[PDB]
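Enquirer: Structure provided below as structure tokens; questions to follow.
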Amino acid sequence: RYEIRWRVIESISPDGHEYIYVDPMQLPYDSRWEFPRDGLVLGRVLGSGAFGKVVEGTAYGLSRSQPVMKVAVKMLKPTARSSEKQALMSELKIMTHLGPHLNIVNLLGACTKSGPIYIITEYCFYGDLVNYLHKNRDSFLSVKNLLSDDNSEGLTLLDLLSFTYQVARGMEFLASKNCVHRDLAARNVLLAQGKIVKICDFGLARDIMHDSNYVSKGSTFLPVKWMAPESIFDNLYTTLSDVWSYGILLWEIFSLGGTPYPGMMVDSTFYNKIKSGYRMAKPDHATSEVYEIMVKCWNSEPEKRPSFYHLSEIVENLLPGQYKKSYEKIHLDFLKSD
Ligand SMILES: CC1(COc2ccc3c(c2)ncn3-c2ccc3cccc(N4CCC(N)CC4)c3n2)COC1
Ligand SMILES: [Cl-]
Ligand SMILES: [Cl-]
Ligand SMILES: [Cl-]
Ligand SMILES: [Cl-]
Ligand SMILES: [Cl-]
Ligand SMILES: [Cl-]
Ligand SMILES: [Cl-]
């Protein structure tokens with residue numbers, strides 16, 4: 001019945017107390033985005049939620065670079081409320097505002113006139129990261145070119161470092177735009193062709209009510225296992241809090257899809273342990289260096305945590321130099337599209 005909104009920060013008071021977030025309705029939609037309905041063909045349903053669904057699709061003429069293009073389409077169910085339509089429009093405005101990045105699922109086009117609203121997004125071949133890791137759990141054994149391509153081989157530490165680097169980059173981009181994700185987790189990361197990490201959100205395509213990851217508090221659902229202490233207790237959300245989420249996410253990556261705080265249910269006892277300063281032990285496939293990154297992200301003092309930009313730098317040093325070169329070419333190819 002809900003989704004967690006990405007918040008973009010318009011301004012912060014000199015004291016550091018009053019935060020003003022942009023109002024999506026206030027922002028302006030760009031008509032250039034509009035794509036003719038006839039030019040879009042809808043396929044199989046990628047996901048289904050009580051109020052919405054994601055569908056496979058092909059867009060014709062949408063892109064000069066890819067005249068026939070595989071894509072994913074976001075649409076509301078008839079069940080969706082009048083207010084919810086607003087949410088889709090809001091998503092369009094915010095996404096246009098942020099602009100495009102290689103590491104986030106991107107908005108390609110939208111159909112908003114004389115029809116059910118349709119959001120066109122990049123199509124990711126591998127699906128969500130959690131499922132992908134589980135699928136490749138077995139056959140995983142502890143060159144750089146192979147990593148940034150579709151060649152299939154047993155999953156490697158190198159692959160994990162790549163996913164680790166891409167999420168940092170995607171997050172760095174979001175932070176630069178003063179955008180706070182508030183629900184960063186492997187479930188919200190999808191993998192595209194070429195093993196390119198794309199960051200997304202839980203959405204209306206799947207049911208938050210039916211997901212164990214979220215605890216419902218008040219009128220909202222919270223991914224407590226991924227929340228920074230300030231968020232849980234002080235209800236404060238920032239780029240720094242996201243960093244905490246990034247560390248939890250890394251734990252998910254190095255445990256091959258493992259649930260954080262395994263064997264621990266979220267309860268009063270869990271909250272107390274976090275206040276105590278309790279942190280997760282090293283994951284099985286995590287190197288000492290990677291675990292160190294997770295621990296830094298989990299610092300009690302948010303200002304103490306590393307910036308996403310710093311994290312990208314740290315991860316890069318743990319990757320062969322050719323990986324960085326490959327990322328750069330892919331980044332440039334991505335910005336050259338169309
Ligand atoms: C043929 C396969 C194809 O799978 C897929 C799945 C989702 C795919 C996809 C290919 N391209 C894109 N998206 C998207 C895109 C935006 C999303 C925005 C919010 C939420 C999403 N999701 C992610 C998947 C989840 N099961 C439902 C909600 C989104 N998904 C099966 O994996 C390969
Ligand atoms: Cl959003
Ligand atoms: Cl096909
Ligand atoms: Cl583990
Ligand atoms: Cl080690
Ligand atoms: Cl820093
Ligand atoms: Cl940051
Ligand atoms: Cl960088």
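In the structure tokens, each chain is lettered A, B, ... as it comes, each chain's residues begin at 1, and ligands are numbered from 1 in order of appearance.
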Any chance you could tabulate, as a Markdown table, the residues of chain A at most 7 Å from ligand 8 with each one's nearest atom pair and distance in Å to one decimal, using only C-alpha atoms and all ligand atoms, in chain and rising number order?
Expert:
```
| residue | atom | partner | partner_atom_place_in_ligand_line | distance |
| --- | --- | --- | --- | --- |
| A:309 | CA | ligand 8 | 1 (Cl) | 5.6 |
| A:312 | CA | ligand 8 | 1 (Cl) | 5.7 |
| A:313 | CA | ligand 8 | 1 (Cl) | 6.2 |
```
Enquirer: Could those selected residues go to a file with N, CA, C and O atoms, as an mmCIF file, in the first residue's frame?
Expert:
```
data_model
loop_
_atom_site.group_PDB
_atom_site.id
_atom_site.type_symbol
_atom_site.label_atom_id
_atom_site.label_comp_id
_atom_site.auth_asym_id
_atom_site.auth_seq_id
_atom_site.Cartn_x
_atom_site.Cartn_y
_atom_site.Cartn_z
ATOM 1 N N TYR A 309 31.681 9.483 -2.338
ATOM 2 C CA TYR A 309 32.811 9.802 -3.190
ATOM 3 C C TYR A 309 34.067 9.152 -2.637
ATOM 4 O O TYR A 309 34.854 8.593 -3.380
ATOM 5 N N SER A 312 33.991 5.399 -3.261
ATOM 6 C CA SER A 312 34.300 5.017 -4.620
ATOM 7 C C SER A 312 35.795 4.916 -4.753
ATOM 8 O O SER A 312 36.312 4.008 -5.379
ATOM 9 N N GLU A 313 36.490 5.867 -4.153
ATOM 10 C CA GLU A 313 37.934 5.883 -4.201
ATOM 11 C C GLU A 313 38.525 4.670 -3.517
ATOM 12 O O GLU A 313 39.460 4.072 -4.020
#
```
Enquirer: Give me every alpha helix (DSSP H) residue in range 141-193 of chain A, going by DSSP on the backbone, as a VMD selection string.
Expert: chain A and resid 144 to 147 157 to 176
Enquirer: Got time to write the residues from that selection, N, CA and C atoms, as a PDB file, in the first residue's frame?
Expert:
```
ATOM      1  N   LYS A 144      39.557  -8.389 -16.300  1.00  0.00           N
ATOM      2  CA  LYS A 144      38.741  -7.234 -15.940  1.00  0.00           C
ATOM      3  C   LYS A 144      37.682  -6.972 -16.994  1.00  0.00           C
ATOM      4  N   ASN A 145      38.038  -7.238 -18.243  1.00  0.00           N
ATOM      5  CA  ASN A 145      37.141  -7.058 -19.372  1.00  0.00           C
ATOM      6  C   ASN A 145      35.947  -7.994 -19.269  1.00  0.00           C
ATOM      7  N   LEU A 146      36.204  -9.197 -18.792  1.00  0.00           N
ATOM      8  CA  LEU A 146      35.158 -10.186 -18.643  1.00  0.00           C
ATOM      9  C   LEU A 146      34.106  -9.654 -17.676  1.00  0.00           C
ATOM     10  N   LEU A 147      34.576  -8.939 -16.665  1.00  0.00           N
ATOM     11  CA  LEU A 147      33.734  -8.378 -15.619  1.00  0.00           C
ATOM     12  C   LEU A 147      32.679  -7.382 -16.080  1.00  0.00           C
ATOM     13  N   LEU A 157      34.906 -12.841  -6.757  1.00  0.00           N
ATOM     14  CA  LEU A 157      35.105 -11.765  -5.818  1.00  0.00           C
ATOM     15  C   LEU A 157      35.167 -10.492  -6.625  1.00  0.00           C
ATOM     16  N   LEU A 158      35.752 -10.591  -7.803  1.00  0.00           N
ATOM     17  CA  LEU A 158      35.892  -9.459  -8.686  1.00  0.00           C
ATOM     18  C   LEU A 158      34.515  -8.936  -9.039  1.00  0.00           C
ATOM     19  N   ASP A 159      33.577  -9.837  -9.278  1.00  0.00           N
ATOM     20  CA  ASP A 159      32.229  -9.428  -9.616  1.00  0.00           C
ATOM     21  C   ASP A 159      31.608  -8.678  -8.463  1.00  0.00           C
ATOM     22  N   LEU A 160      31.832  -9.169  -7.257  1.00  0.00           N
ATOM     23  CA  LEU A 160      31.287  -8.538  -6.072  1.00  0.00           C
ATOM     24  C   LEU A 160      31.856  -7.145  -5.889  1.00  0.00           C
ATOM     25  N   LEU A 161      33.147  -6.988  -6.136  1.00  0.00           N
ATOM     26  CA  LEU A 161      33.784  -5.688  -6.022  1.00  0.00           C
ATOM     27  C   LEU A 161      33.185  -4.751  -7.052  1.00  0.00           C
ATOM     28  N   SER A 162      32.923  -5.262  -8.246  1.00  0.00           N
ATOM     29  CA  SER A 162      32.283  -4.451  -9.279  1.00  0.00           C
ATOM     30  C   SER A 162      30.916  -3.947  -8.813  1.00  0.00           C
ATOM     31  N   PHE A 163      30.094  -4.831  -8.265  1.00  0.00           N
ATOM     32  CA  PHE A 163      28.783  -4.430  -7.789  1.00  0.00           C
ATOM     33  C   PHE A 163      28.964  -3.417  -6.679  1.00  0.00           C
ATOM     34  N   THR A 164      29.961  -3.647  -5.844  1.00  0.00           N
ATOM     35  CA  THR A 164      30.246  -2.750  -4.748  1.00  0.00           C
ATOM     36  C   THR A 164      30.629  -1.383  -5.269  1.00  0.00           C
ATOM     37  N   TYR A 165      31.462  -1.338  -6.296  1.00  0.00           N
ATOM     38  CA  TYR A 165      31.859  -0.062  -6.873  1.00  0.00           C
ATOM     39  C   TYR A 165      30.726   0.697  -7.547  1.00  0.00           C
ATOM     40  N   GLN A 166      29.900  -0.006  -8.311  1.00  0.00           N
ATOM     41  CA  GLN A 166      28.793   0.618  -9.028  1.00  0.00           C
ATOM     42  C   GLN A 166      27.733   1.215  -8.126  1.00  0.00           C
ATOM     43  N   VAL A 167      27.376   0.505  -7.069  1.00  0.00           N
ATOM     44  CA  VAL A 167      26.428   1.053  -6.111  1.00  0.00           C
ATOM     45  C   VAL A 167      26.984   2.335  -5.501  1.00  0.00           C
ATOM     46  N   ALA A 168      28.267   2.329  -5.109  1.00  0.00           N
ATOM     47  CA  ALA A 168      28.887   3.545  -4.583  1.00  0.00           C
ATOM     48  C   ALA A 168      28.784   4.706  -5.571  1.00  0.00           C
ATOM     49  N   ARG A 169      29.032   4.433  -6.840  1.00  0.00           N
ATOM     50  CA  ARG A 169      28.943   5.456  -7.860  1.00  0.00           C
ATOM     51  C   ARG A 169      27.522   5.957  -8.041  1.00  0.00           C
ATOM     52  N   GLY A 170      26.565   5.043  -8.027  1.00  0.00           N
ATOM     53  CA  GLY A 170      25.177   5.413  -8.173  1.00  0.00           C
ATOM     54  C   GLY A 170      24.751   6.267  -7.003  1.00  0.00           C
ATOM     55  N   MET A 171      25.182   5.880  -5.814  1.00  0.00           N
ATOM     56  CA  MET A 171      24.882   6.632  -4.606  1.00  0.00           C
ATOM     57  C   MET A 171      25.587   7.982  -4.603  1.00  0.00           C
ATOM     58  N   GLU A 172      26.801   8.017  -5.127  1.00  0.00           N
ATOM     59  CA  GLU A 172      27.548   9.252  -5.165  1.00  0.00           C
ATOM     60  C   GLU A 172      26.789  10.236  -6.021  1.00  0.00           C
ATOM     61  N   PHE A 173      26.224   9.750  -7.110  1.00  0.00           N
ATOM     62  CA  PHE A 173      25.455  10.602  -7.990  1.00  0.00           C
ATOM     63  C   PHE A 173      24.225  11.152  -7.287  1.00  0.00           C
ATOM     64  N   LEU A 174      23.531  10.305  -6.542  1.00  0.00           N
ATOM     65  CA  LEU A 174      22.336  10.727  -5.827  1.00  0.00           C
ATOM     66  C   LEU A 174      22.635  11.755  -4.757  1.00  0.00           C
ATOM     67  N   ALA A 175      23.725  11.550  -4.039  1.00  0.00           N
ATOM     68  CA  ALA A 175      24.153  12.446  -2.982  1.00  0.00           C
ATOM     69  C   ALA A 175      24.504  13.816  -3.523  1.00  0.00           C
ATOM     70  N   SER A 176      25.123  13.829  -4.694  1.00  0.00           N
ATOM     71  CA  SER A 176      25.544  15.054  -5.358  1.00  0.00           C
ATOM     72  C   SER A 176      24.345  15.920  -5.670  1.00  0.00           C
TER      73      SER A 176
END
```
Enquirer: With distances taken over only C-alpha atoms, which residue among A:143, A:8, A:111, A:88 lies nearest residue 59 in chain A?
Expert: A:111
Enquirer: Could you list, as a short mmCIF file (atom, residue, chain, number, x, y, z; two decimals) with N, CA, C and O atoms, in the first residue's frame, all protein and nucleic acid residues with an atom at most 10 Å from ligand 1, counting only C-alpha atoms and all ligand atoms?
Expert:
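Final output, saved to out_38.cif:
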```cif
data_model
loop_
_atom_site.label_atom_id
_atom_site.label_comp_id
_atom_site.auth_asym_id
_atom_site.auth_seq_id
_atom_site.Cartn_x
_atom_site.Cartn_y
_atom_site.Cartn_z
N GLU A 3 5.11 3.03 -0.76
CA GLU A 3 6.43 3.03 -1.34
C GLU A 3 7.19 4.05 -0.53
O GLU A 3 6.59 4.88 0.12
N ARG A 44 5.39 -9.42 -21.22
CA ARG A 44 5.14 -10.15 -19.99
C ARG A 44 5.32 -9.26 -18.78
O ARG A 44 6.05 -8.29 -18.82
N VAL A 45 4.64 -9.61 -17.70
CA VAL A 45 4.70 -8.83 -16.48
C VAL A 45 5.90 -9.20 -15.64
O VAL A 45 6.01 -10.32 -15.16
N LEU A 46 6.80 -8.25 -15.48
CA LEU A 46 7.99 -8.45 -14.67
C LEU A 46 7.68 -8.58 -13.19
O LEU A 46 8.26 -9.39 -12.50
N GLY A 47 6.75 -7.77 -12.71
CA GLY A 47 6.35 -7.81 -11.32
C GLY A 47 4.94 -7.33 -11.10
O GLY A 47 4.42 -6.55 -11.89
N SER A 48 4.31 -7.79 -10.03
CA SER A 48 2.96 -7.39 -9.71
C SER A 48 2.78 -7.05 -8.25
O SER A 48 3.27 -7.75 -7.38
N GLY A 49 2.08 -5.96 -8.01
CA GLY A 49 1.84 -5.46 -6.68
C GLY A 49 0.37 -5.16 -6.57
O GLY A 49 -0.33 -5.17 -7.57
N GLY A 52 0.18 -1.72 -8.43
CA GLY A 52 0.90 -1.50 -9.67
C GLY A 52 1.69 -2.66 -10.22
O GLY A 52 1.88 -3.65 -9.54
N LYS A 53 2.16 -2.53 -11.45
CA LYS A 53 2.96 -3.59 -12.06
C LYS A 53 4.06 -3.08 -12.99
O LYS A 53 3.99 -1.99 -13.51
N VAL A 54 5.08 -3.91 -13.19
CA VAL A 54 6.18 -3.57 -14.08
C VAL A 54 6.10 -4.56 -15.22
O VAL A 54 6.02 -5.75 -15.00
N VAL A 55 6.14 -4.07 -16.45
CA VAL A 55 6.03 -4.95 -17.60
C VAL A 55 7.15 -4.83 -18.61
O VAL A 55 7.70 -3.76 -18.81
N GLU A 56 7.49 -5.95 -19.24
CA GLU A 56 8.52 -5.94 -20.26
C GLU A 56 7.90 -5.24 -21.45
O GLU A 56 6.71 -5.35 -21.69
N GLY A 57 8.71 -4.51 -22.19
CA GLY A 57 8.21 -3.80 -23.34
C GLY A 57 9.27 -3.49 -24.36
O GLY A 57 10.46 -3.56 -24.10
N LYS A 70 14.35 -2.67 -25.94
CA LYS A 70 13.78 -3.43 -24.86
C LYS A 70 13.72 -2.49 -23.68
O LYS A 70 14.66 -1.74 -23.43
N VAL A 71 12.61 -2.50 -22.97
CA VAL A 71 12.41 -1.61 -21.84
C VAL A 71 11.43 -2.17 -20.84
O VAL A 71 10.78 -3.17 -21.09
N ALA A 72 11.33 -1.52 -19.69
CA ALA A 72 10.42 -1.90 -18.64
C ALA A 72 9.41 -0.78 -18.49
O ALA A 72 9.77 0.38 -18.55
N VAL A 73 8.14 -1.12 -18.33
CA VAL A 73 7.11 -0.10 -18.20
C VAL A 73 6.41 -0.16 -16.85
O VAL A 73 5.94 -1.20 -16.44
N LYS A 74 6.34 0.98 -16.19
CA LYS A 74 5.70 1.09 -14.89
C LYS A 74 4.30 1.63 -15.04
O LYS A 74 4.09 2.63 -15.70
N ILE A 104 21.86 4.14 -11.95
CA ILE A 104 20.51 4.18 -11.43
C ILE A 104 19.63 3.80 -12.60
O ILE A 104 19.97 4.06 -13.73
N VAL A 105 18.50 3.16 -12.34
CA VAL A 105 17.61 2.79 -13.43
C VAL A 105 17.14 4.12 -13.96
O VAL A 105 16.74 4.98 -13.20
N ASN A 106 17.18 4.28 -15.26
CA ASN A 106 16.84 5.55 -15.87
C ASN A 106 15.51 5.70 -16.55
O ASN A 106 14.98 4.76 -17.11
N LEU A 107 14.99 6.91 -16.52
CA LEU A 107 13.73 7.18 -17.16
C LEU A 107 14.00 7.42 -18.63
O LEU A 107 14.81 8.26 -18.99
N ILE A 119 5.28 4.70 -17.34
CA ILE A 119 6.63 5.18 -17.14
C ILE A 119 7.56 4.20 -17.82
O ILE A 119 7.48 3.00 -17.59
N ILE A 120 8.43 4.70 -18.68
CA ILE A 120 9.35 3.85 -19.40
C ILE A 120 10.72 3.98 -18.77
O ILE A 120 11.24 5.07 -18.61
N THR A 121 11.28 2.84 -18.41
CA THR A 121 12.58 2.79 -17.76
C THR A 121 13.49 1.78 -18.42
O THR A 121 13.05 0.94 -19.20
N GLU A 122 14.78 1.89 -18.13
CA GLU A 122 15.76 0.99 -18.70
C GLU A 122 15.43 -0.43 -18.26
O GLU A 122 14.96 -0.65 -17.15
N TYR A 123 15.68 -1.38 -19.15
CA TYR A 123 15.41 -2.78 -18.86
C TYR A 123 16.66 -3.46 -18.35
O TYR A 123 17.70 -3.42 -19.00
N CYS A 124 16.56 -4.09 -17.20
CA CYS A 124 17.69 -4.79 -16.62
C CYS A 124 17.46 -6.28 -16.80
O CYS A 124 16.50 -6.84 -16.29
N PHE A 125 18.37 -6.92 -17.53
CA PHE A 125 18.28 -8.34 -17.84
C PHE A 125 18.34 -9.31 -16.67
O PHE A 125 17.62 -10.30 -16.64
N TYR A 126 19.23 -9.05 -15.72
CA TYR A 126 19.41 -9.93 -14.57
C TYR A 126 18.43 -9.78 -13.40
O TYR A 126 18.40 -10.63 -12.52
N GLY A 127 17.63 -8.72 -13.39
CA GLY A 127 16.69 -8.52 -12.31
C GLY A 127 17.33 -7.99 -11.05
O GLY A 127 18.43 -7.46 -11.09
N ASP A 128 16.65 -8.14 -9.92
CA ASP A 128 17.18 -7.65 -8.66
C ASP A 128 18.42 -8.40 -8.23
O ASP A 128 18.59 -9.58 -8.52
N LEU A 129 19.30 -7.69 -7.53
CA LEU A 129 20.57 -8.24 -7.06
C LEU A 129 20.44 -9.40 -6.09
O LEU A 129 21.23 -10.33 -6.14
N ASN A 131 18.12 -11.77 -5.86
CA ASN A 131 17.79 -12.99 -6.58
C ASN A 131 18.97 -13.51 -7.39
O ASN A 131 19.21 -14.71 -7.45
N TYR A 132 19.68 -12.59 -8.02
CA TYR A 132 20.83 -12.93 -8.84
C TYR A 132 21.93 -13.59 -8.02
O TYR A 132 22.54 -14.56 -8.45
N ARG A 187 17.68 -5.53 -2.66
CA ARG A 187 16.41 -5.76 -3.33
C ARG A 187 16.10 -4.61 -4.28
O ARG A 187 15.36 -4.78 -5.25
N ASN A 188 16.64 -3.44 -3.99
CA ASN A 188 16.43 -2.23 -4.77
C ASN A 188 17.50 -1.94 -5.82
O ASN A 188 17.54 -0.86 -6.38
N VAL A 189 18.36 -2.91 -6.04
CA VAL A 189 19.42 -2.78 -7.02
C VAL A 189 19.18 -3.84 -8.06
O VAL A 189 18.96 -4.99 -7.74
N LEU A 190 19.21 -3.45 -9.33
CA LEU A 190 18.98 -4.38 -10.40
C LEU A 190 20.22 -4.46 -11.24
O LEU A 190 21.01 -3.54 -11.25
N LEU A 191 20.41 -5.57 -11.93
CA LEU A 191 21.58 -5.74 -12.76
C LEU A 191 21.19 -5.80 -14.22
O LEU A 191 20.39 -6.62 -14.62
N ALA A 192 21.78 -4.91 -15.01
CA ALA A 192 21.52 -4.82 -16.44
C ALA A 192 22.54 -5.61 -17.24
O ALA A 192 23.48 -6.15 -16.69
N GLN A 193 22.34 -5.65 -18.55
CA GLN A 193 23.24 -6.37 -19.43
C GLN A 193 24.60 -5.77 -19.27
O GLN A 193 24.73 -4.57 -19.13
N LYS A 198 22.21 -0.97 -11.50
CA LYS A 198 21.24 0.09 -11.62
C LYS A 198 20.49 0.20 -10.31
O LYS A 198 19.99 -0.78 -9.80
N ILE A 199 20.38 1.40 -9.75
CA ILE A 199 19.68 1.56 -8.49
C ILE A 199 18.23 1.96 -8.71
O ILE A 199 17.93 2.82 -9.51
N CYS A 200 17.35 1.30 -7.98
CA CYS A 200 15.92 1.55 -8.05
C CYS A 200 15.32 1.62 -6.66
O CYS A 200 16.02 1.77 -5.68
N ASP A 201 14.00 1.50 -6.58
CA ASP A 201 13.26 1.56 -5.32
C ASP A 201 12.30 0.39 -5.17
O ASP A 201 12.09 -0.34 -6.12
N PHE A 202 11.72 0.19 -4.00
CA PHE A 202 10.82 -0.93 -3.83
C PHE A 202 9.60 -0.81 -4.73
O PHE A 202 9.21 -1.76 -5.38
N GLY A 203 9.01 0.37 -4.78
CA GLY A 203 7.88 0.63 -5.65
C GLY A 203 6.54 0.02 -5.29
O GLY A 203 6.38 -0.59 -4.25
N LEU A 204 5.59 0.19 -6.19
CA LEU A 204 4.25 -0.35 -6.03
C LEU A 204 4.10 -1.66 -6.78
O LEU A 204 3.06 -2.29 -6.72
N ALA A 205 5.15 -2.04 -7.49
CA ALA A 205 5.18 -3.28 -8.27
C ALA A 205 5.17 -4.53 -7.40
O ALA A 205 4.78 -5.60 -7.84
N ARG A 206 5.64 -4.37 -6.18
CA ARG A 206 5.70 -5.46 -5.22
C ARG A 206 5.05 -4.96 -3.94
O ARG A 206 4.96 -3.76 -3.72
N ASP A 207 4.58 -5.88 -3.11
CA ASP A 207 3.89 -5.50 -1.88
C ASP A 207 4.76 -5.37 -0.65
O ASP A 207 5.33 -6.33 -0.17
#
```
Enquirer: Kindly indicate which residue among A:256, A:67, A:108, A:116 lies nearest to residue 156 in chain A, using only C-alpha atoms for the distances.
Expert: A:256
Enquirer: Enter the distance from CA of residue 65 in chain A to CA of residue 325 in chain A, in Å, rounded to one decimal.
Expert: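 Between CA of residue 65 in chain A and CA of residue 325 in chain A the gap works out to 23.1 Å.
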Enquirer: From range 28-251 of chain A, collect each residue whose DSSP state is strand (DSSP E) and return the set as a ChimeraX atom specification.
Expert: /A:40-48,52-60,68-76,107-111,118-122,127-128,179-180,189-192,196-199,215-217,220-222
Enquirer: Neighbours of ligand 7 at 6 Å or closer, counting only C-alpha atoms and all ligand atoms: which residues, as a PyMOL selection string?
Expert: chain A and resi 175+239-240+307-308
Enquirer: Closest to ligand 6 among A:280, A:95, A:243, A:318, using only C-alpha atoms and all ligand atoms?
Expert: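 Comparing A:280, A:95, A:243, A:318 against ligand 6, the winner is A:243.
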